[PDB]
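Before any questions on binding or motion, here is one chain by itself as structure tokens, the form deposited in one PDB entry.
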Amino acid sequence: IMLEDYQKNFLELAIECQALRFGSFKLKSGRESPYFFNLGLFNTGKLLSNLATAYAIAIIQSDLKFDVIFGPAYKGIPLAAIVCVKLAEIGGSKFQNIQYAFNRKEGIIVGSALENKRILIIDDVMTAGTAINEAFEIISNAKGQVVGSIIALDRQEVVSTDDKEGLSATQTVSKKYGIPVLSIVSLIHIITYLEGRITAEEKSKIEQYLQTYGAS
């Protein structure tokens, strides 16, 4: 019910650079969505610095212990790099020696051997889990141990409206692999941010979207 400042700052910038837009949008399924998100619109030096900061503070706050930050090619490659750097810049002693790595689409791993290292997978978004599945395969081949994942925005929507469990995409992954799926923000945070920027009618109607499709 409160937003951390890093989450405020992220969301403010996402809306200003138009990475986050509000309106009527259809997903692949065909489901109405009241917003569109494209992390790729964090595309300047100022914006990428801000994004790095946001991911790094999310990570620091989670208290996850890891050795390597891994980005799935291609979009995870820059995110892994800029985040690794920011963690060493803002995280103190414990984050100086974190490594990054990523895969060539076709060894396959660019970086120090992953053997016996604890890996945090970073990416932009997750839906069906195909990039997470591929990273797990590549990482487990190199004898790494995945301890977590992080994405920018957790849509916090049920994968299906017939699933009784009502697992979201990040929940699905989290269950299957037994690891946390962190995010900078979720749908709930976007809603809290909008308090007093939108009308009561608009507030209602988004707080109703949360009801029909919100996970669990």
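Superpose the two forms; the largest set of C-alphas matching within 1.5 Å is the rigid core. Start at 1 with the first residue shown and count on from there.
The next section is about a form of this same protein that is not shown, the form deposited in another entry.
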Open item on the list: Following rigid core alignment, is the displacement of the residue 101 C-alpha between the shown form and the other one equal to or greater than 2 angstroms?
Closed with: no
Open item on the list: On a rigid core superposition, would residue 159 pass a 2 Å threshold for CA movement between the shown form and the other one?
Closed with: yes
Task: Flag for residue 30, CA shift 2 Å or larger between the shown form and the other one after aligning core - done: yes
Open item on the list: Please check whether, in the other form, the CA atoms of residue 61 and residue 210 lie closer or farther apart than here, given a change of 3 Å or more.
Closed with: farther
